[PDB]
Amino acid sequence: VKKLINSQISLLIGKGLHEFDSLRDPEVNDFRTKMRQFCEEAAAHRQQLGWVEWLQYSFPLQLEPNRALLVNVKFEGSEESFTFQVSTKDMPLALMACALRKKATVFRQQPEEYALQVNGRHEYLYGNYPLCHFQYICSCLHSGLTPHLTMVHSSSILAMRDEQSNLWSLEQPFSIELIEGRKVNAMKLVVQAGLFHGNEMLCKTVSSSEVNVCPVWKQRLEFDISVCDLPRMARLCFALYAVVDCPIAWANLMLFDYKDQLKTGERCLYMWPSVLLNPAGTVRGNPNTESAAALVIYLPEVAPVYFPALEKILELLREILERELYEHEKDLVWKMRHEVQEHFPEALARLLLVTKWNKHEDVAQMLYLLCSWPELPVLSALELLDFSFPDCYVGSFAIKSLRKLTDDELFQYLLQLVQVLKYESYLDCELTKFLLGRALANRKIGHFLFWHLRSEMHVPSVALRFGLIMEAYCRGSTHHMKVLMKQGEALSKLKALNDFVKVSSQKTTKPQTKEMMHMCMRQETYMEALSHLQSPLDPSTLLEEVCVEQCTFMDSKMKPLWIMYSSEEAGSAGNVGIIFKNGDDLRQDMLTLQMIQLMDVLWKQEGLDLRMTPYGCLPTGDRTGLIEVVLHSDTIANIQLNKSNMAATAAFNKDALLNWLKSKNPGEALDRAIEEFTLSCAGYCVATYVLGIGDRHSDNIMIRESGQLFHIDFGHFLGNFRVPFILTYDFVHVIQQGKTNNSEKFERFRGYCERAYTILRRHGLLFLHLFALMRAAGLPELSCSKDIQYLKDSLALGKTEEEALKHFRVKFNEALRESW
């Protein structure tokens, strides 16, 4: 009973629960007990919610940030359906009233007792919102398809909820005895030590004696800082290197434990391999104790000393700079700390950075202001999550201010908040409790929290923390654990299938590999594992019956799988596809697509719809992930191949794109396609310029039959090969309706580029704060400040709106001149 759950969690999280116990770590055991109770209490609160509130948990509303339409409606236990001519301005309730009235006339005799289910999807339409505010309806309006809904009664939803139940005295300087090492390298060994509070030094780094490569030291290392001046989040950072400089390894550790006790005495530090000091690095040792170089040290006893409780802490030209500052400016800000709190609360981040964290008096003064500091906007609170603000009280304050995040905003920044877990010092933290509580209150948040954590289980520095969080999540969600295992079983089968395809593609022809891929898929174990799951890309998308005949693979290096699905209940909306990719890291593609999706959110919040294609991309495992198939689309290169006997037969290369559009959009449909092409082109022109996406060719640009242009394969961003704006002749030709000269259409296009750009510029700090939190990911192209700088230049944030739009025209006209 409880035994099967534990063995289900182990298989699902990818780590045995026994491994947690084998550690004999009271920090681990205390996380597990406290979080289990927390997560079980979150599960209990859920079983007592109202049926609409339960819908808000399991099926949160997929909303969008007058005119009539046909809508098909049916009731749960019947095939009989009714089609109505409703208005987009109508609310679900009015639609539910019509359906109950038409059922009353047919069946010969209350709308608040029902909810509208999207046929063959894990999506519902409810709440006081007009129909055109729903994403599914909007998808059905832009394409032209008929929405299909099922009237679900309150008791049927309640049946779902039920079958888914579970001190200052120490004035002496800080010192450490550096005992000995046990490493490998070709020279002498120096052990550089240092004390840090986040990204900054609490004193100057102290080095060890040059001991030969053939190691013993037994050397006292004293730091220029008093033991009573040690901030609660003080970090001792070591670096072992070879010299005649060659780095060998690194290790960090917190001076206080999870129970606030200043650590004593002997410690063996299992070092991590080096690429010199790494304060941002994990404060947990290398779990590969058999091959890791170790540093044995001694924490001299000062006697049990604890960090003082909050009661003890609480007991103990300005405007022209507030928009990188000199020593005198820092002193000014500190003296005026009371003015900052009262008249500039949003400048807290700038005041936290000027405070002397190496002086216990200065810290307590700042902490007394923080304890009475007013709640900050989400935008400011996001800056406070950075490794640049390590203090636990500052971290707690950031969470307190982030509690007002809507489930939509939290979902948009979820990727960033999971990376911040990597900067954390202890297992039990406010961010974890926050993430878990929000995940257990929203099944879509929970789904993506799981997948962001599961995708990093093969990374030894996060495996313990991520495995512990996932376990606690499962305790508060036994039914979801089973749903996610079904996803893991399919992904496990797709891995084996892709391994076969890789082998078979080197030994025979594609029609032979495809047929045996099909033969492998038609096996019962594969038919069952690959069918009837929630999509890991989107839990509201149901991947029902696998369409073997339609399944294939791509010709690229890793031979990615093309898996098609169909759903009788969903009709046409159930015709969905997934791309299984194994061999490449999908983290950067995901980040890039999330950033484009954010841009689209921001343009839509300003009334601008640039017709973007925000398709799913999700890393699931070690160099493994999924991509959502965008159907009725092709690469520009494929359309430009000019294949014979087709409807897009072109005399000139320039005509191929427009000829393809004309064949997919005949008559009055053509003008609509050109508008879609132009809007989406402006969006991706701005997005790729702002994000610095280079290596753009006809093979990584796609078009939908609707005319919408989109980008694939984001292997390089932030100018990593200063990329210019890009305008292609083939595109300009389509924008200009197949005419050589058309200033009317081109100046409108230039306006879309101008507008899209200035909108992003106003939210330029949002992009900067999100990319700075993403530095914790370890993406080779987002590792330092020079990566962040690219965004600052492309957005021209250190300029005025009038001066930035001029600089954009300079770059736009350069791209138009390069266009043949």
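Sequential numbering from 1, following the sequence displayed. If you superpose the two forms and keep the largest set of C-alpha atoms that fall within 1.5 Å, you have the rigid core.
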Relative to this form, superposed by the core, which stretch has the greater CA RMS in 9 other deposited structures of this protein: 593-601 or 72-80?
72-80
Core-superposed in 9 other deposited structures of this protein, which stretch deviates more in Cα positions, 176-184 or 501-509?
176-184
Check this for me: in at least a third of the other entries compared, is residue 431 absent while its neighbours are modelled?
no
If you look at the other compared entries where the surrounding residues are built, does residue 562 lack coordinates in a third or more?
no
Quick one: classify how much of the deposited chain lacks coordinates between residue 65 and residue 66, choosing none, 1 to 3, 4 to 9, or 10 or more.
10 or more
How much of the deposited sequence is absent from the coordinates between residue 109 and residue 110: none, 1 to 3, 4 to 9, or 10 or more residues?
4 to 9
Between 342-350 and 471-479, the record assigns the higher mean Cα B factor to 342-350
Looking only at C-alpha temperature factors in the entry, 543-551 or 222-230, the higher average sits in 222-230
Considering only 777, 784, 759, 765, which residue's Cα atom bears the greatest B-factor as recorded?
784
Between 404, 204, 704, 750, which one tops the list for C-alpha B-factor in the PDB entry?
204
Check where residue 729 lands among this chain's C-alpha B-factors and tell me if it's the lowest, middle or highest third.
highest
Residue 49: which third of its chain by C-alpha temperature factor?
middle
Should residue 788 be placed in the lowest, middle or highest third of its chain by the C-alpha B factor in the entry?
highest
Residue 446: C-alpha B-factor third of its chain, per the entry, is the lowest
Against its chain's modelled residues, does residue 334's Cα B factor rank lowest, middle or highest third?
highest
